[PDB]
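Notes for the one structure printed next.
Each answer follows from the model by the rule given with it, or from the source it names; no laboratory instrument gave them. Positions of Cβ are generated from backbone atoms using ideal geometry, with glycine treated the same way; all protein chains shown enter the neighbour counts.
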Amino acid sequence: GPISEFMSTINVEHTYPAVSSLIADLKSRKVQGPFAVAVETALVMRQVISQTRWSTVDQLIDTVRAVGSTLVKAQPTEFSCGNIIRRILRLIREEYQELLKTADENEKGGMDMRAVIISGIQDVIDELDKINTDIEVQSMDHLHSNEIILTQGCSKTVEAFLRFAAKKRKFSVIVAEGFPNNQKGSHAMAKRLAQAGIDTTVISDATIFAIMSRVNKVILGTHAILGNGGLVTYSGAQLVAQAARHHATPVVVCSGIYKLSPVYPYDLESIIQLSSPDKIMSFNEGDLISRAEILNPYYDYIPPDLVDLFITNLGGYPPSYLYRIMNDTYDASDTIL
Amino acid sequence: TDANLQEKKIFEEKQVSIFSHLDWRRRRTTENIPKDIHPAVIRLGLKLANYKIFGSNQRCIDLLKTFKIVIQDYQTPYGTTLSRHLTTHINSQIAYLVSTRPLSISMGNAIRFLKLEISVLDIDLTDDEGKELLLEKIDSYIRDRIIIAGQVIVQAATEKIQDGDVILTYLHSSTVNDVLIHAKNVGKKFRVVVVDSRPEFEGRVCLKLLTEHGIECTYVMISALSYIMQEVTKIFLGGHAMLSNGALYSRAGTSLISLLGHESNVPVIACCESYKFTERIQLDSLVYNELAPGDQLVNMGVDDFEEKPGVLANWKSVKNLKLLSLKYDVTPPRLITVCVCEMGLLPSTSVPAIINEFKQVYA
Amino acid sequence: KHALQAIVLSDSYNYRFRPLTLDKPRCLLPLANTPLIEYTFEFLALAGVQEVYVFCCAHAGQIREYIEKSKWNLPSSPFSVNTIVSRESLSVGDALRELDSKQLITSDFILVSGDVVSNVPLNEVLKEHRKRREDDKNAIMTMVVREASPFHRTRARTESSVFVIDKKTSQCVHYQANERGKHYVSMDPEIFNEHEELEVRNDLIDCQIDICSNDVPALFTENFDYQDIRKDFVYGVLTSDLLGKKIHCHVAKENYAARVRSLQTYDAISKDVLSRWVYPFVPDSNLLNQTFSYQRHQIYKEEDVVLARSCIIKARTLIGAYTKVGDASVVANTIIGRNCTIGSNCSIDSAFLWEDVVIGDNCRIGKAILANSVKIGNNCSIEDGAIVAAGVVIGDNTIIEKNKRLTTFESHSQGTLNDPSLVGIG
Amino acid sequence: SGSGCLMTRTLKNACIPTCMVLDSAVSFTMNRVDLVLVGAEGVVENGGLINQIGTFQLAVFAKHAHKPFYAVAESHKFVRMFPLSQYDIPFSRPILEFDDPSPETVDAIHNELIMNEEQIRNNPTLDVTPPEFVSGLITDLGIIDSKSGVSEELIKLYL
């Protein structure tokens, strides 16, 4: 139930201007990445609650349950958005219920909980600018001296994860430039932690199998996690996964929890987007670009039965325990928007 | 070479780094070359270090065609017959060539073969008698061992191609291209997938060839293998060598192809030639291998020659930071379904017996 | 501060696609089931332009109607768009000359001479422009072009041009067209005494997306003879006719950029758009709340679209919404509008269909243009290079030869409304 | 084939306890069995095993249930073909076609409620177990386990 069936575009553009503004920046990739999508999402919803007129909570539920369905229609693949929404919905119904009970002291109006919801929203914001700090701590309970680590594609969360341990313990790391998309960032990361005193070895995205023979652990930072524990990761990460499984090398994932979403991977072909082929073939080979089929996937998928351990802003947990976070973080009704 | 205390220096190159033993020393210029070096050998030595796409077969050919010129231009120091002294001359040619690029398996086996025929040569002949002989033996080698074997493999290879297939190759194998073009010329209805990878995108030239024959081709880098394999139904690989255990030894990205193929239930077909079999074996892709300079991936972007720099141009002088790129990796045999030698379609594990068929019933 | 503007020249290329411009002006016809000016608009949005001015000469009401309707009329629009009208067949320069008399240019700005498709962030070249400007006020225009192959399918005789640039400072010191009646290239050697490393380039595509300084409009009132931006203007500067002024080029080496001027471009561009080349500007992004979605082999479907089982779709195809398709029919390399319908056991290849088009049972189409709301009976046929206009209908058991454009009025072409050709004439 | 109903008799007649089992319940039986054993209808270049339709059905079971697998094959059953999977075999009648349903049409053991003879022949007849699933061929030439030496022997059989 999108918002267009509840409010008109002009009204949406008038009362909730930043929404349509964000919707524009969403489908146009003006905003991008999971983190930047999340923070901007809540900031929008903050103003929404800060500038809305309503009475019942049930009608307030129907509103946010509508913009999200529209907001998620923009660029659904960046699930980071919808995850923030369903969090708010439960954050309302349980805040309502917890306040529906104090009023039932002995009475046997019902709104303007505004600033609390805002104060509840800000609690989500301040929680995000922190996941790295909350995650980079559990490193010292896994990475040890002289260990050998493999990791692909400039995941910021993974960067501060290792750099923390590298402050005190000294060890080695192999970095595979997540070609083609994560090329630039990956080299920077390698250059960065190189200064952090950790043996860094940049490789082609293809020499994965060659070195997996003598690799202790492998570490990955995803783009999103789906209801079955599957991972929607950036380009070219199933190789290292399958390379690890073939070598009995364990697979660990260091990701914030906001990237977790209960959407179920019915059809992956509707998930893995495709970017421009410019990233892999120049415009110049005019003969080729006219004679062949060029494709450049942005994301990669790995199934959960290949992950051995997750690293979250809450703690380390096996994939089979992931669901019990969702029910403790989301509500079942808000699976489909 | 100060001496072979520089080889003691190699004995010191066994340190913590897994690649400590891998030889990095090269000579990509003719500075201070020795006197006893044939010109047509120099050109080859230059062609080795600077050419890309240098197919493992053509090198063996271009080596032999060059070797004939050496012997044809060779004259023994009279009073000492040919067979007693020819090897050291040639032995002084290899030692130069290896300093431009380590010997492929396709070349080393030929070397060990010719050195044999030198020893077994009948002394009761003369120079012009002797040298003319092995030239035919060399030519016979090229006829039987590679070209015909090549011509047999392709025919047997395209035989198992079925109309409606979807073929996947990776990084320009002259043999693999040679069979693909044959498939179109017999009216086989299919299409090809071309996987490429960094650095020197050897797969583009495979796309160039196949396109210039008009084939529905598809070009995606290897970091998209998870995606494209669903469309694929068969996989063809041309190998640098096949190991006596049955493992396939080819370019760095060969393994993931076979791996992802298995976990997607597609077959892996190793079109390799008998003379590229080796008695040796490898458990890790690191013990026996050869490298390429890490600078070649500093260039981020879609080009290689073009002066598009990067963020790693100082990696040589940034400690705890090193770039590398192995050129080859093994591939466990349980992922290879079939090997296509001129002895027919064989299971990869049957390799070492075939080598014995050469050692036995011959000399 | 906040001083930035842009101007687009619609109705400047309307004559090439004339057989349909009577129905709808060229700035409103669809490319990938989406009108062109949006492809141009979102491009300008990438440059972060804050003020857009559009020139019009045909269906100005219909133009402004969509604009007033458009997303770009809403407050979320990152730029305020106003339209200006003028006489038909608007010769360039006469635009700027009318512009300078209106005094609208605050500071540096851009212009495209039609509708362009591109995903090139101008922010860098814009900085490139403003940089060398503040040191040498005589720098007035910097052009944007795309490194390509000299025979690239997106490169046509129009953009087919030869540039000469200073590899050090990237300054165009000589430019000539590629009229097949010219075999040689000539340069006044006086430039070599003022330069060191000049790069003769023929691998380029003149996107005609030029960035101009505020001198230009006044500099066009003066030198009124200049009417074409490339022919008259550039040559005037390089020949020192207009004196002491310099230009530059920003040879783009990644992303995508082109404009729509010729049939051999539209078909080419469309086959590049579906080929992802101008990501994010793709159907499966759905910038106007469409319901598209990517499928393998570059086939693009919307929602609420019915397909028969026997009907099959081959690669490089696109289907608008609410469009039916008959049985046993085959579509390939084709673009289809919304709310259409296809007959049974038909064959379509490399064609172009727009909105509300129908098709009779068992028909052959190929490499032709079908305008919006066009009806075709059963048992018909049509070959390559053909063009129809809106409302045109063809009776059953029929055929249309090559390259034969149609219309709904005998303004100059042929054909009428209901029954086949050779019928209804006049 | 239904050849099981005859096999048990030939064993029952020879003083051997039997227990016929449905084709759908072989996995449930692996817990009891100590060793599986089947005949052969054709041995391939790669050591593959062309036998009756359901061999590979239980070949994976023994492979998964960790019980060994043995097949008996006479020399004159080696063939020169070479498939690519558990499927790449030439077969006369086309198999496993579907139907086209036009919109216009019409005890816990329910015996005699099966497919018809016309429905059956659409199904295949032969099977193929890749050599990694067999642990030992039984031939007049002896017992062969490499399933690479089978080729050396196969090459020996032909010219």
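A few comments on the model shown:
- Checked against (1) more than 11 Å from B:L168 (Cβ to Cβ); (2) within 10 Å of another protein chain (Cβ to nearest Cβ); (3) not in a strand (DSSP E or B), B:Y219 meets all criteria but (3).
- Any hit, the range A:214-233, residues being surrounded by fewer than 23 Cβ atoms within 10 Å (Cβ to Cβ) and of a type in the set (S, T, Y): no
- Once the range B:184-210 is narrowed to residues that are within 24 Å of the chain's Cα centre (by Cα) and part of a helix (DSSP H, G or I), the residue that is nearest to C:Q295 (Cα to Cα) is B:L207.
- Of everything listed in (1) surrounded by fewer than 21 Cβ atoms within 10 Å (Cβ to Cβ); (2) more than 22 Å from C:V112 (Cα to Cα), the single unmet condition for C:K253 is (2).
- Annotation: B:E279 fulfils all but one of (1) of a type outside the set (A, V, I, L, M); (2) under 30 Å from B:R27 (Cβ atoms); (3) within 14 Å of chain A (Cβ to nearest Cβ); the unmet one is (3).
- Taken as a whole, the structure leaves C:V162 outside the set of residues that are farther than 19 Å from C:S240 by Cβ, within 14 Å of another protein chain (Cβ to nearest Cβ), within 26 Å of the chain's Cα centre (by Cα) and among the hydrophobic types (A, V, I, L, M, F, W, C).
- Among the residues of the range A:267-315, those identified as touching a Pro at 6+ places or on another chain (Cβ under 6 Å), of a type outside the set (A, V, I, L, M, F, W, C) and under 17 Å from B:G301 (Cα atoms) are A:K279, A:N296.
- The range B:311-332 residues that are within 7 Å of chain A (Cβ to nearest Cβ) and surrounded by fewer than 21 Cβ atoms within 10 Å (Cβ to Cβ), paired with ones that are of a type in the set (F, W, Y) and not in a loop (DSSP other than H, G, I, E, B) (beta carbon under 9 Å, 6 or more apart): B:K322/B:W315
- Only one of A:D300, A:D287 that is within 16 Å of A:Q238 (Cα to Cα) and of a type in the set (D, E): A:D300
Let's see how each residue does on (1) of a type outside the set (D, E); (2) within 14 Å of chain B (Cβ to nearest Cβ); (3) under 17 Å from the mean Cα position of the chain (by Cα):
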residue	(1), (2), (3)
D:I109	yes, no, no
D:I114	yes, no, no
D:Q119	yes, no, no
D:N123	yes, no, yes
D:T129	yes, no, yes
D:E132	no, yes, yes
D:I144	yes, yes, no
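- Only listed residue being outside any strand (DSSP E or B) and over 18 Å from C:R18 (Cα atoms), chosen from C:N345, C:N372: C:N345
- Screening the candidates D:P94, D:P103, D:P68 for the property of being touching a helix residue (DSSP H, G or I) at 6+ places or on another chain (Cβ under 7 Å), exposed (fewer than 15 other Cβ atoms within 10 Å of the Cβ) and either more than 14 Å from chain B (Cβ to nearest Cβ) or under 30 Å from D:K147 (Cβ atoms) (or both) yields one hit, D:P68.
- Restricting attention to the range A:87-123, the residues that are touching a helix residue (DSSP H, G or I) at 6+ places or on another chain (Cβ under 6 Å) and crowded, with 17+ Cβ neighbours inside 10 Å total 5.
- Residue match in the range B:298-310 (condition: within 8 Å of another protein chain (Cβ to nearest Cβ), in a strand (DSSP E or B) and within 23 Å of A:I174 (Cβ to Cβ)): no
- All positions within the range A:201-231 that are in a strand (DSSP E or B) and within 12 Å of chain B (Cβ to nearest Cβ): A:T201, A:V202, A:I203, A:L231
Listed here are the residues, each with its yes/no results for (1) part of a strand (DSSP E or B); (2) among the acidic types (D, E); (3) within 14 Å of another protein chain (Cβ to nearest Cβ).
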position	(1), (2), (3)
A:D300	yes, yes, yes
A:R324	no, no, no
A:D328	no, yes, no
A:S333	no, no, no
A:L337	no, no, no
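- Any hit, the range B:225-238, residues being at the interface with chain A (Cβ under 7 Å from one of its Cβ atoms), part of a helix (DSSP H, G or I) and among the β-branched types (V, I, T): no
- Qualifying position, being more than 30 Å from B:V302 (Cβ to Cβ), under 25 Å from the mean Cα position of the chain (by Cα) and of a type in the set (F, W, Y), among A:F179, A:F161, A:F171: A:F161
- Filter result for A:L91 (more than 24 Å from C:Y294 (Cα to Cα), within 23 Å of the chain's Cα centre (by Cα) and away from chain C (no Cβ under 14 Å)): yes
- Any hit, the range B:330-338, residues being under 19 Å from the mean Cα position of the chain (by Cα), closer than 25 Å to B:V152 by Cα, not assigned by CATH to the domain that holds B:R112 and not in a loop (DSSP other than H, G, I, E, B): yes
- Residues in the range A:184-200 that are at negative phi, surrounded by fewer than 24 Cβ atoms within 10 Å (Cβ to Cβ) and not in a helix (DSSP H, G or I): A:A196, A:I198, A:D199.
- Restricting the range C:237-283 to residues that are in contact with a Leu (Cβ under 8 Å, 6 or more places away or on another chain) and facing chain A (nearest Cβ under 8 Å), the residue that is nearest to A:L295 (Cα to Cα): C:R276
- Looking across the range C:243-265, the residues that are hydrophobic (A, V, I, L, M, F, W, C) and either part of a helix (DSSP H, G or I) or more than 20 Å from C:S170 (Cα to Cα) (or both) come down to C:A258, C:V260, C:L263.
- Residue among C:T169, C:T142 that is surrounded by fewer than 19 Cβ atoms within 10 Å (Cβ to Cβ) and closer than 29 Å to C:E196 by Cα: C:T169
- For the condition crowded, with 18+ Cβ neighbours inside 10 Å and of a type in the set (D, E), C:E88 does not qualify.
- Filtered residue count, the range C:382-406, keeping only those that are of a type outside the set (D, E, K, R), out of contact with any helix residue (DSSP H, G or I) (no Cβ under 6 Å at 6 or more places or on another chain) and either within 13 Å of C:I369 (Cβ to Cβ) or in a strand (DSSP E or B) (or both): 11
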